[PDB]
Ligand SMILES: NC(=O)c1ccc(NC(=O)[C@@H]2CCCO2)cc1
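Shown below, as structure tokens, is a lone chain in the form deposited without the named molecule; questions about how it binds or moves come after it.
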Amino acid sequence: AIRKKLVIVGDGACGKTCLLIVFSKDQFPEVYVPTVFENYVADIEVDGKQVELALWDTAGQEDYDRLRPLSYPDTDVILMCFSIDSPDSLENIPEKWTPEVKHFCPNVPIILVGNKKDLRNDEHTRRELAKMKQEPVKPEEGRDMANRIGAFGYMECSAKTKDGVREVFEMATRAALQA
């Protein structure tokens, strides 16, 4: 089993902490969802390879430009998270997180992950977004962003319903293994 490192980046409420907790617990936390994520070393068997995927979060580091990059050393796969119910969090992908991730992590594969895909069919989410002359991120918009920033791929998931979560971390492992 080879050790590999995963880091998740993205805006404050893109759901990156929720995604790491749902994956490391296997299910959605029934009684209490933790505020923070420390770290986790997951044993993942993808395409016949046993990998040890170390999971890290940048939540709480968004406003600290000198502290945050200390999460990057030896990263093998980056998850560039954005919220589907927040088209503004997608606008920060090409000019906020992409330059930083390419400066500290050159050549490291990036997977653009569109979180909270369940909110695409949420009446309250669409009502609030309408009052802003907006709508939830369309699948084609997320792929157009992934292509523009030269991402390894584009994936969608829902930490609430657990839909797509296992496929993201399995794809991340596949991407990290490539050299």
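C-alpha atoms forming the largest set that superposes within 1.5 Å between two forms make up the rigid core. Residues that one form lacks are left out of the comparison. The first residue of the sequence shown is number 1, and the count goes up from there.
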Averaging the C-alpha temperature factors as deposited, the higher value of 21 to 29 versus 156 to 164 falls on 21 to 29
Averaging the C-alpha temperature factors as deposited, the higher value of 115 to 123 versus 139 to 147 falls on 115 to 123
Residue set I44, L55, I110, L70, per-entry CA B-factor max assigned to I44
Of the three thirds of Cα B-factor ranks in this chain, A175 occupies the middle
In terms of its chain's C-alpha B-factors, the third that includes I93 is the highest
Split the chain's modelled residues into thirds by Cα B-factor; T35 lands in the lowest
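The form solved in complex with the named molecule is left out here; the points below concern that form.
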Report yes if any heavy atom of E128 sits within 4.5 Å of a heavy atom of the named molecule in the deposited complex; otherwise report no.
no
Taking the named molecule in the deposited complex and a 4.5 Å non-hydrogen atom cutoff, the residues of 37 to 62 making contact are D43, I44, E45
After rigid core alignment between the shown form and the other one, the listed option with CA shift of 2 Å or more out of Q27, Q50, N147, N39 is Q27
In terms of 2 Å or greater CA shifts after rigid core superposition, the runs of three or more consecutive residues between the shown form and the other one are 26 to 28
